[PDB]
Every structure is written in structure tokens, then in C-alpha cells.
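Beneath this line is the structure, given in C-alpha cells, with notes to follow.
All Cβ positions, even for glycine, are placed from backbone atoms using ideal geometry, and neighbour counts span all protein chains on display. Each value in this text was obtained by applying a stated rule to the coordinates, not by laboratory testing.
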Amino acid sequence: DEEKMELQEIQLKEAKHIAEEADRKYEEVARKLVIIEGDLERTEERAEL
Amino acid sequence: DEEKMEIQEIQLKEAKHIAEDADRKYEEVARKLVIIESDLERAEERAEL
């Protein structure tokens with residue numbers, strides 16, 4: 001049981017490591033998307049004017 | 001030790017599931033951004049005309 005517990009803890013640490021990049025990429029994509037949306041809004045308003 | 005086994009097992013499985021859900025939420029926004037960018041380019045051309 002002790003050896004199985006150690007290896008399971010190592011696997012859990014690896015999965016917890018992977019989830020961080022998996023989230024922070026989505027963070028960056030949202031940060032890009034909001035700027036793109038703002039640019040679209042102001043361009044449309046300029047054309048209407 | 002067996003109690004610690006089942007605790008860490010359910011912890012690891014929940015972490016894997018939430019990572020998969022984060023990956024799907026990543027997957028949608030790419031094509032969302034692509035179509036928004038295409039609309040931005042079209043609006044810019046209209047403004048230039």
C-alpha cells in the first residue's frame with residue numbers, strides 16, 4: 001500500500017501540473033478576443049459615421 | 001492507508017475531468033475568434049470605401 005500511495009501521489013502531481021497550462025492558455029485567448037471585439041466595434045462605428 | 005487510497009483516487013479523477021472540460025472550453029473560442037476577425041476585416045474594407 002505504501003508504494004502504491006507514493007506512485008499515485010506522483011501521478012496526481014503530474015495531472016495538477018498539466019491543468020495549469022490547460023487553463024492559462026484559455027486565459028490568454030480571452031485576453032486577445034476582448035481586444036478583437038473592441039476593434040470590431042470601433043471600426044463599425046467609424047464606417048457608419 | 002486504504003482510506004487515503006480512495007481519497008487520492010477520487011481527487012485525481014475529478015482533476016482529470018475538470019482538465020478535459022477546460023480543454024473543450026478552449027476548443028470553442030478559436031473558431032469564435034476566427035469568424036469575429038473575418039467580420040472585422042469586412043467592416044474595415046467597408047469603412048475604407
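So the values come out like this:
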| read-out | value |
| --- | --- |
| Spin-label model distance (nm) - A:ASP1 vs A:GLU48, 7 Å beyond Cα toward Cβ | 6.9 nm |
| Residues B:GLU6 and A:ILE10, FRET efficiency given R0 of 22 Å [Cβ-Cβ distance, rounded to 0.05] | 0.80 |
| Per principal axis, descending, Cα span of chain A in whole Å | 73, 9, 6 |
| 222 nm mean residue ellipticity, helices alone, for chain A (DSSP H n ≥ 4; -39,500 (n - 2.57); rounded to 500) | -36000 deg cm²/dmol |
| The protein assembly as shown: C-alpha pair distances exceeding 21 Å, % | 56 percent |
| Calculated FRET value between A:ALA30 and B:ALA47, using beta carbons and R₀ = 35 Å, to 0.05 | 0.85 |
| Surface/4 of the Cα convex hull for chain B, nm² | 3.5 nm² |
| Between segment B:1-41 and chain A, the Cα center-to-center distance that results, in Å | 9 Å |
| Dipole magnitude of chain B about its Cα centre (Cβ charges: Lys, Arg +1; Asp, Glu -1), debye to nearest 20 | 240 debye |
